[PDB]
Asks: 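For reference, the structure I am asking about is given below.
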Amino acid sequence: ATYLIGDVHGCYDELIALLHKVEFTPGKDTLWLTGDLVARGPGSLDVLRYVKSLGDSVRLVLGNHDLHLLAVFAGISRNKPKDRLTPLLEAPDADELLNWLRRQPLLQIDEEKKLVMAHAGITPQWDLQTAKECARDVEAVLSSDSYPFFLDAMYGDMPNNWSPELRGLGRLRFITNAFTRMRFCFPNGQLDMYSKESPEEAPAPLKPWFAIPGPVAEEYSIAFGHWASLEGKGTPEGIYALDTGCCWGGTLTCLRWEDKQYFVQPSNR
Ligand SMILES: Nc1ncnc2c1ncn2[C@@H]1O[C@H](COP(=O)(O)OP(=O)(O)O)[C@@H](O)[C@H]1O
Ligand SMILES: [Mn+2]
Ligand SMILES: [Mn+2]
């Protein structure tokens, strides 16, 4: 079977309990994770150890907190105490775990299932070919020896409008924001980088990225995490918002793809 789980945010106990609930069996089953594996929850170290050990039985996309962790590890950004990253950063296998983490994709595609995954979703300004190329470019810099220069460059809220003519720093920043920070769009599809609330309480003319028709969503189901204020509701057919806020005292959600059956694990704190 195929299982898709939203943002774990260091909630290792809840992850393991949910996976035992569905009897997840590496070799017979595959697990999809929406990213933001780490931070806020107490168990980022255990989460990373486990997900890395799954190997080919897991398909991960990186989220904004995974990228932030990489930036802290490389000394680009400052550690926020609330993230609870110190046990992972000080772990004897920190190098192993994080060098593995920076090699993981921003985008997963399964053609037989017609299924696409990224942390924040797919901007309506991208077709599948363009999303693929952008994911490849950013993954290539993330997996290179020079990845801390990229991590430093990534921070920023501009430009927020895609164009194939974008070059250099602006292009990489947009790609990063579209995959890992996107929530609301302007009607022309341009990113808004500020509002993090639920769609009903957002100001006009902002609309959810998935409320705007785009070539990828027209042909593929899209699964994503990231947008916890959504609470996994209010999406159209073929759009699966899996982040139900486990680190926030909400719930960890698992979707079995074959029968679209949901399994839910309450937060422990
Ligand atoms: N149910 C909710 N309603 C409104 N805001 C929320 C809700 N849940 C989380 N948030 C807020 O959303 C902000 C962004 O957090 P989140 O959606 O989890 O994304 P990320 O993990 O990338 O930081 C947090 O500052 C939190 O306070
Ligand atoms: Mn996120
Ligand atoms: Mn998150």
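In listed order, ligands and their atoms are each counted from 1. If you read the sequence from its start, that first residue is 1, and numbering goes on from there.
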Asks: Would you say the side-chain atoms of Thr251 and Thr244 include a donor-acceptor pair closer than 3.5 Å?
Replies: yes
Asks: Does any N or O atom in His9 lie less than 3.5 angstrom from one in ligand 1, N or O only?
Replies: yes
Asks: More than 12 non-hydrogen atoms from neighbouring residues, nucleotides or ligands closer than 6.0 Å to NZ on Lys233, yes or no?
Replies: no
Asks: Atoms of ligand 1 less than 4.0 Å from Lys196 heavy atoms?
Replies: 14 (C)
Asks: Please state whether the separation between the Mn ion (ligand 3) and some N/O/S atom of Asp7 is under 2.8 Å?
Replies: yes
Asks: Tell me which protein heavy atom sits closest to atom 22 (O) of ligand 1, plus the residue, atom name and distance to 0.1 Å.
Replies: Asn64 ND2, 2.7 Å
Asks: To the nearest 0.5 Å, what is the distance between CG on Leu69 and CG on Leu98?
Replies: 5.0 Å
Asks: What angle, in degrees and rounded to 10°, do you get at the Mn ion (ligand 3) when you join it to NE2 of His9 and to OD2 of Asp36?
Replies: 90°
Asks: Counting backbone and side-chain atoms alike, is an N, O or S atom of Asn64 positioned under 2.8 Å from the Mn ion (ligand 2)?
Replies: yes
Asks: In this structure, are over 12 heavy atoms from other groups packed under 6.0 Å from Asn188 atom CG?
Replies: yes
Asks: Is there an N/O/S atom in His65 at a distance below 2.8 Å from the Mn ion (ligand 2)?
Replies: no
Asks: Can a donor-acceptor pair be found between the side chains of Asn64 and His119 at a distance below 3.5 Å?
Replies: yes
Asks: Tell me whether the NZ or CZ atom of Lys114 lies within the 45° cone about the ring axis of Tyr220 and under 6.0 Å from its centre.
Replies: yes
Asks: Number the atoms of ligand 1 from 1 as they appear, then name those within less than 4.0 Å of a heavy atom of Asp36, with their elements.
Replies: 20 (P), 21 (O), 22 (O)
Asks: Any idea which of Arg40, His226, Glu197 brings a heavy atom closest to atom 21 (O) of ligand 1?
Replies: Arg40
Asks: Tell me: protein heavy atom nearest atom 18 (O) of ligand 1, and distance?
Replies: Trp248 NE1, 2.9 Å
Asks: Quick one: does ligand 1 sit under 4.0 Å from the side chain of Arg181, the backbone, both or neither, non-hydrogen atoms only?
Replies: neither
Asks: Ring centres of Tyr240 and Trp32 under 6.0 Å apart?
Replies: no
Asks: Assess the residue pair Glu197 and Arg183 against the criterion (salt bridge (charged side-chain N to carboxylate O under 4.0 Å, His left out)); give the C-alpha distance rounded to whole Å, side-chain angles, the decisive distance to 0.1 Å, and a yes or no.
Replies: CA-CA 9 Å; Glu197 53 262 20; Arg183 287 177 179 85; over 6 Å; no
Asks: Do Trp209 and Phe186 have ring centroids that are under 6.0 Å from one another?
Replies: no
Asks: Is it true that the NZ or CZ of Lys260 lies under 6.0 Å from the centre of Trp257's six-membered ring and within 45 degrees of the ring axis?
Replies: yes
Asks: Would you mind listing which atoms of ligand 1 come within a distance below 4.0 Å of any non-hydrogen atom of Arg183?
Replies: 14 (C), 16 (P), 17 (O), 19 (O)
Asks: What do you get for the angle at the Mn ion (ligand 2) between NE2 on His119 and ND1 on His226, to the nearest 10 degrees?
Replies: 90°
Asks: If the cut-off is 4.0 Å to any non-hydrogen atom of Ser229, which atoms of ligand 1 fall inside it?
Replies: 1 (N), 2 (C), 3 (N), 4 (C), 5 (N), 6 (C), 7 (C)
Asks: Going by atom types alone, do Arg181 and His226 pair a side-chain donor with an acceptor below 3.5 Å?
Replies: no
Asks: The Mn ion (ligand 3) and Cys247: any N/O/S contact shorter than 2.8 Å?
Replies: no
Asks: Given that the side chain starts at C-beta and the backbone is N, CA, C, O, which of these parts of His68 lies under 4.0 Å from ligand 1, counting heavy atoms, or is it both or neither?
Replies: neither
Asks: With a 4.5 Å cut-off on side-chain heavy atoms, are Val8 and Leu33 touching?
Replies: yes
Asks: With nothing but distance in play, are any N or O atoms of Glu201 less than 3.5 Å from an N or O of ligand 1?
Replies: no
Asks: What do we get for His65 next to ligand 1 when only non-hydrogen atoms under 4.0 Å count, side chain, backbone, both or neither?
Replies: side chain
Asks: Which label fits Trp126 and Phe174: parallel for a plane angle under 30°, tilted from 30 to 60°, or perpendicular past 60°?
Replies: perpendicular
Asks: Evaluate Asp243 for polar contact with ligand 1, using N/O atom pairs at a separation under 3.5 Å.
Replies: no
Asks: If you scan the protein for heavy atoms around atom 10 (N) of ligand 1, do you find one that is closer than 4.0 Å?
Replies: no
Asks: What protein heavy atom sits nearest atom 1 (N) of ligand 1, and how far away is it?
Replies: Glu231 OE2, 3.4 Å
